[PDB]
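Chains as they are written, first to last, in this note's numbering: chain L, 39 to 117; chain A, 39 to 117; chain B, 273 to 368; chain C, 13 to 108; chain H, 23 to 130; chain W, 289 to 395; chain S, 31 to 122; chain Y, 200 to 293. Here the structure comes first, spelled out in structure tokens, and everything after it is commentary.
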Amino acid sequence: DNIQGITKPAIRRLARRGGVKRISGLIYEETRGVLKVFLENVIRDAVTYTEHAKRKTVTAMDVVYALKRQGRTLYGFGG
Amino acid sequence: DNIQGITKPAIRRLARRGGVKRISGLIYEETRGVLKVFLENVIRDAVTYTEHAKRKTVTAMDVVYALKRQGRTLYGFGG
Amino acid sequence: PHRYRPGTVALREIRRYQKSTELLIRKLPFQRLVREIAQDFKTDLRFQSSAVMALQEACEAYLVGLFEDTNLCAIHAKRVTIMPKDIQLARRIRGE
Amino acid sequence: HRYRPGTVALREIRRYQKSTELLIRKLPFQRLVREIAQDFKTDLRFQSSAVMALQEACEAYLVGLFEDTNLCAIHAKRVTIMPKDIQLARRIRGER
Amino acid sequence: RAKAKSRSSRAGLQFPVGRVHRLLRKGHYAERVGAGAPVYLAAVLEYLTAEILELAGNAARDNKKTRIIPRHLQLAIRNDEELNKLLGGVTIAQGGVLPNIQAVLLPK
Amino acid sequence: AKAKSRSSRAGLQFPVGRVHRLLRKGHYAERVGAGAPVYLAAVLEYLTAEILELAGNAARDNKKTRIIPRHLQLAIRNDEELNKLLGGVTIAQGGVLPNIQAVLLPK
Amino acid sequence: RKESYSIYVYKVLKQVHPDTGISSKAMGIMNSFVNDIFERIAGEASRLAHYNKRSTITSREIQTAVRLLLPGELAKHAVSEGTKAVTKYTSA
Amino acid sequence: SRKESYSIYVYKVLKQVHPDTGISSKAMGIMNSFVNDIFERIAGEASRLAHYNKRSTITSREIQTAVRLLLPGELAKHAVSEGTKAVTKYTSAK
DNA sequence: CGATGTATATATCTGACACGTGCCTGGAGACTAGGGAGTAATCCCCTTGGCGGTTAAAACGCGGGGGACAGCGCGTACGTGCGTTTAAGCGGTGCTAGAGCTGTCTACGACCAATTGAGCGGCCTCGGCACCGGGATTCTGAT
DNA sequence: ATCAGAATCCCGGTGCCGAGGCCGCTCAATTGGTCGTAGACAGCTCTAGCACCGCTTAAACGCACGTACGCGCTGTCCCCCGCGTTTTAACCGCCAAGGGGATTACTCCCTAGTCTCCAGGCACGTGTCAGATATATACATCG
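Okay, structure coming up:
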């Protein structure tokens, strides 16, 4: 039940960065579900890279590669 | 002037295929505008391939490669 | 005289054109427009007979897709008619 | 003393667009990633950077979705973003 | 010298293991190619072909026709809730669209 | 009897020979022509300079003297060609541009 | 000569619906589909080899690429097919 | 365990553009990945443009055509100009 | 008009940036072999050109009622502000799983060659489809 | 409700040009084979990850409350949909002809391969000045 750790304040602040002036009370649980789907679709790839390398430790390059194949290239943690 | 060769009823027929029941009359010049921006992009890429080959005719493969590069792949014309 | 109600025929047009697979823009005018655009990037170009069909298939598929998105935007706006603002929202959410 | 609605939300928007720290807490996210990951393989281990790279991607994705959601919200002439705005945006973006 | 028995017939496949191995080596993917790559790839390409054609024939049978044509391939790909994901960006010439009217447009 | 670098021949700062090696080891083709790595180095140097000039001007607007990622975000998101080149990318620590929609601001 | 996959698609068709023929328009679509998925899988298999500093694409690379590119149930059955093929080929 | 990086050359270019200004190691890492990304894009499309014509090599022309395909129109002119200026200097120095 | 927000000025201090050193492995100078691309000449097909006719479709007008969207109303949903309480962040002690490097050697796949039958381009056809037309049923809606 | 009658449906006949069979045949797959190697395994060892401890106070939480906002009912007028008559250029098809795609045989000058040796830049040691942090306090903004 760690998903409760994405608190409502942590959501509101991200909505503020996105420009949202007024927030409906039903948005949060949908947002959590959306994040859970995104996390699963990234971690499954990361763990597939970890396993092909036979490593037991996940490396940040794996997360970069999971994003890059999925199109959302990240600069800063590698190159 | 040739932009007006795309007639009003042809736009109606395409909007009908995509399930549009009622159409405001301002849409037509906007659609001619959007179509023009699409065509300019694809033809610019096609000519660029044609020139690197030192050809004078545009071939269907030039269009298929341009559309793949733009990310909206076409099946049906070889390749 | 006989007269159908407004939209009685519009649905019939939808049902008719979703069932079929023909091209809908006039071939000759479309080819003339293509030759008018291509004249900017080079002069004395020529086009193979299949190239213009490939362009027409691409453009008609693109516009049908934009129209389905426009219709969803219009329905979201609590309307039945599509208007230009619905295109302008659709293209921005698509990132065009 | 009391400020009226929206005036401090405006101060929040201007602040958090000016500021650039990460806004999700590290420890709860760190556990959430382990909980999700162990269903694919037990007894995994994580480099301390991989969690930060995940948190960066998750915050950026959510911020972009809230942008598109807010445009969908102004098109319906509301100012409140609604769950259906999220659903519509996700559909037009093509992930739903 | 033994009488030849094509590697497809050792794998139990119709797809051409020889050609797919040639194209793996010639395509500049990597500097060495092992014998387990082409058999696996040819098997998966056969599977996906048979998968699409089995759905397309059902639409063709419902059309009461003896021939498959692009309209039927579009009906197959867009109806399967997972093939629509693999080929989501792809558009098929002469294919048309699935019948789709929003419930709000129809009369009471 | 003497050695002089190919990049100083080309009048470039970026390394020609490293790009030539990285090409040959990247399998991108079975041959590489002698002029390609010079051209490619010039293109990369041009784009590097174009990014850094804008980042420097953003730094001067803050009166800072050290470039940090926020200045690279302020560069990329404010040139209509750079943004079109770099749309599918997230920059760490970069944040967003201050950009309230006009309907939201008060009457 | 333009080598094509057409004979192999026709053989496969005559094992799922033995009454049915296929037009040249549909055949050209299938011939493009095969080339597309071939290029995608060989692509990711190459990247997986490069990142681990290995020189070689083996059956493990193709398996891992398949689990990355296809949706889950298709990946399961594709792996079951490739495993059965490679096992029976090894037994030969 | 030695790592290659571009961390000399970005600094040299920065000294030419703004000899007063420093750069943080994070932003140097960003620049390093930016260079690796645009490098991989150009090398990719050059290889495609080779194989479409059934050619075997990459010449300056494939780089030039990839540059015109990938970069927007105002960048493309200036980049192609200094690409050919660089090559004329190289081939005349020889 | 009251009074809370962020901006700006002076000083401390501590460590990230910026510099200096050793040295080794990556690059440059030169000679070599041989094959990927540039060339001159051709063929011929499929592209651009012109013309007739009829007739589908587009164009221009009419009628009008159903849609877009401008207005007043309303009650509740969520922004603001406070006191309670809890656990994320910090500095630290402690270990040891496993990541990363050095050494050995042998399982295997790159590349050659002689061989030959699997797959492509071509002609032919005959029958499935399409084009054609006629009569029955559905459905919209006028009264 | 219902039946006048328009469009969809369904049943039937004609005949053609496309899919599919056989055919020649050649070039890309097969088999037998050596051998350079890099990668599978063995061993080491030292990083940094997980576990545990006490301290801190910033953040999160639950609650009250006030009015701004989304949803609803209502109207109206104007512009689009369905229908009619005209007319124009699309579409079909026949006849011309020649530009430039696509193929070929000769040739060369360009790049990969190889040994070298020496210096560029990458670890490892250093220290100071740019910044964060702290304190101080000014004046801009808002109901």
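Cβ coordinates follow ideal geometry from the N, Cα and C atoms, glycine included.
Query                                                                                                           : Result
Beta-ladder partner(s) of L112/L, from DSSP                                                                     : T378/W
Sequence-distant residues of the same chain with beta carbon closer than 8 Å to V63/C, five excluded per side   : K38, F41, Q42, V45
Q42/L burial status per 10 Å Cβ neighbour count (16 or more: buried)                                            : exposed
Partner residues on chain A for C345/B, Cβ-Cβ distance less than 8 Å                                            : Neighbours of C345/B on chain A: none; closest Cβ ~11 Å, over 8 Å.
Distance, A298/W Cα to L327/B Cα                                                                                : 43 Å
C-alpha distance - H359/W paired with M227/Y, whole-angstrom precision                                          : 13 Å
Candidates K288/Y, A292/Y, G282/Y, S200/Y: closest to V331/W by CA position                                     : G282/Y
As assigned by DSSP and simplified to three states, the class of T94/S                                          : helix
Chain A residues whose Cβ lies nearer than 7 Å to that of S54/S                                                 : By Cβ distance, chain A contributes nothing, its closest Cβ being about 11 Å from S54/S, past 7 Å.
Beta-bridge pairing of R319/W - partner residues as DSSP gives them                                             : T256/Y
From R57/C, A72/C, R26/C, residue whose alpha carbon lies closest to that of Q389/W                             : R26/C
Closer than 8 Å to chain B by CB, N79/A                                                                         : no
Meets three-Cβ-pair contact criterion under 8 Å: the region 106-116 of chain L and the region 88-104 of chain H : no
Short CB-CB distance (under 8 Å) between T353/B and chain H                                                     : no
C-alpha distance - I359/B paired with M99/L, whole-angstrom precision                                           : 40 Å
Nearest-angstrom Cα separation, counted from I257/Y out to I81/A                                                : 25 Å
Pairwise C-alpha distance: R41/H and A108/S                                                                     : 20 Å
Local Cβ density within 10 Å of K357/B, reported as buried at 16 or more and exposed below that                 : exposed
Residue span of the alpha helix (DSSP H) that contains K106/L, given as start and end                           : 98-107
Proximity to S53/S [Cα-Cα], best of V46/S, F63/S, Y40/S                                                         : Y40/S
Cβ neighbour criterion (16 or more within 10 Å) applied to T88/H                                                : exposed
Test item: CB-CB of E69/S and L78/S under 8 Å                                                                   : no
When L73/A, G117/A, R55/A, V72/A are compared against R284/B, the one with the closest alpha-carbon             : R55/A
Nearest-angstrom Cβ-Cβ length linking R103/C and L344/B, presumed shorter than 8 Å                              : 7 Å
Inter-residue CB distance, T86/A and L268/Y (contact presumed, cutoff 8 Å)                                      : 6 Å
8 Å Cβ cutoff, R55/A in contact with chain B                                                                    : yes
Beta carbon proximity, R82/L to chain C, threshold 8 Å                                                          : yes
Cβ separation of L100/S and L108/H, assumed to be a contact under 8 Å, to the nearest whole Å                   : 7 Å
Nearest-angstrom beta carbon gap, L340/W and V212/Y [assumed within contact, 8 Å]                               : 6 Å
Contacts that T113/H makes with chain A (C-beta to C-beta distance below 8 Å)                                   : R110, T111, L112, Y113
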